[PDB]
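Asker: my complex, first installment, coordinates as in the assembly:
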Amino acid sequence: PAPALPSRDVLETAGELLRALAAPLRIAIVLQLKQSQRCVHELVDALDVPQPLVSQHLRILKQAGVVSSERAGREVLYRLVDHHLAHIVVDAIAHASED
């Protein structure tokens, strides 16, 4: 019949995850990172927003467990921790467009 209720803990953590994804620029970063890992200057070029703003949204995504970074040669690359998180934003976009 009627599920469940996860804890409390699971529901609050799910809540924070959604709030971390809920900004037009974070949505747009997650879309970039679904296609390719990127450094900051490339996100700056693709999104047309200055670096200090990009960096702050990346910090917000990293704190939330959505992205990580790692050295690759002479640059730092950001990547999505799990590509299923991109499905959240893709579905949000689908809903928004069917409306």
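Answerer: Received the coordinates, thanks. Numbers count the residues shown, from 1 in each chain, chains lettered A, B, ... in the order given.
Asker: okay, CA-based contacts and neighbour counts for the rest of this
Answerer: Will do.
Asker: For the residue nearest the centre of chain A, grab phi and psi.
Answerer: The residue lying closest to the centre of chain A (C-alpha atoms, centre = their mean) is residue A:30, at 4.1 Å. When read as degrees, to the nearest 10, the backbone of residue A:30 gives phi -60, psi -40.
Asker: OK, contacts around residue A:17?
Answerer: Contacts for residue A:17 were tallied using C-alpha atoms under 8 Å, 6 or more residues apart in numbering; they are residue A:64.
Asker: For whichever helix or strand it is part of, what is the distance to the chain centroid?
Answerer: Residue A:17 is part of helix A:8-21 when elements are defined by DSSP states H and E. Between the centre of helix A:8-21 and the centre of its chain there are 13 Å (C-alpha atoms, centre = their mean, to the nearest Å).
Asker: follow-up on the earlier one: was I right about the residue nearest to the centre of chain A contacting residue A:86?
Answerer: Yes - here residue A:30 reaches residue A:86: they are 6.2 Å apart, a contact under C-alpha atoms under 8 Å.
Asker: circling back to that earlier point, what comes up buried for the helix holding residue A:17?
Answerer: Buried positions in helix A:8-21, judged by neighbour count with 16 or more other C-alpha atoms under 10 Å: A:17, A:20-21.
Asker: Just put those in CSV and tack on distance to residue A:34.
Answerer: Shown next, in CSV, are these (distance: C-alpha to C-alpha, whole Å):
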residue, distance to residue A:34
A:17, 17
A:20, 16
A:21, 14
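Asker: put chain B on too:
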Amino acid sequence: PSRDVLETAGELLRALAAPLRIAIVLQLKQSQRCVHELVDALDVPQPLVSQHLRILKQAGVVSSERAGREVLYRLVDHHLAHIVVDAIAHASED
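Answerer: Adding chain B to the chains above:
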């Protein structure tokens, strides 16, 4: 996607972020429900539930419609349940 579509998607995600809202969506994913069935399953005051539903409705996440004597709430589409279910899946790691 346009600026407006990104903004609208972001407002959707903000509306779903409360923990009772996620709880409401997971109930509605299984079946349409009247307010009192949600009150039972969630274990929460009636007027509070109703407050979350009026907000979910304004946000375009739930709709309500008569079915005989009841007014039933449903999810507007399946995209919404997938969002909540994938968030729960992710938040279940730790």
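Asker: now that chain B has been added, could you go back to the buried residues of helix A:8-21?
Answerer: By neighbour count on 16 or more other C-alpha atoms under 10 Å in any protein chain shown, the buried set for helix A:8-21 is A:10-21.
Asker: Tell me which stretches of chain A form helices.
Answerer: For chain A, applying DSSP state H gives helices covering A:8-21, A:24-35, A:40-47, A:51-63, A:85-97.
Asker: Which among those helices is found nearest to residue A:75?
Answerer: Each of the helices of chain A has some distance to residue A:75 by C-alpha to C-alpha; the shortest is helix A:40-47, at 9.2 Å.
Asker: picking up where we left off before, what's the angle between the helix holding residue A:17 and helix A:24-35?
Answerer: Counting by axes from the mean of the first three to the mean of the last three C-alpha atoms, to 10 degrees, helix A:8-21 lies at 90 degrees to helix A:24-35.
Asker: still on that earlier bit, now the helices of chain A in a markdown table, with distance to residue A:76?
Answerer: Conversion of the helices of chain A to a markdown table gives the following (distance: least, C-alpha to C-alpha, whole Å):
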| stretch | distance to residue A:76 |
| --- | --- |
| helix A:8-21 | 22 |
| helix A:24-35 | 13 |
| helix A:40-47 | 8 |
| helix A:51-63 | 12 |
| helix A:85-97 | 21 |
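Asker: Could you dump the ones you listed into CSV and include distance to chain B?
Answerer: Formatted as CSV, the helices of chain A follow (distance: least, C-alpha to the nearest C-alpha, whole Å):
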stretch, distance to chain B
helix A:8-21, 4
helix A:24-35, 5
helix A:40-47, 12
helix A:51-63, 14
helix A:85-97, 5
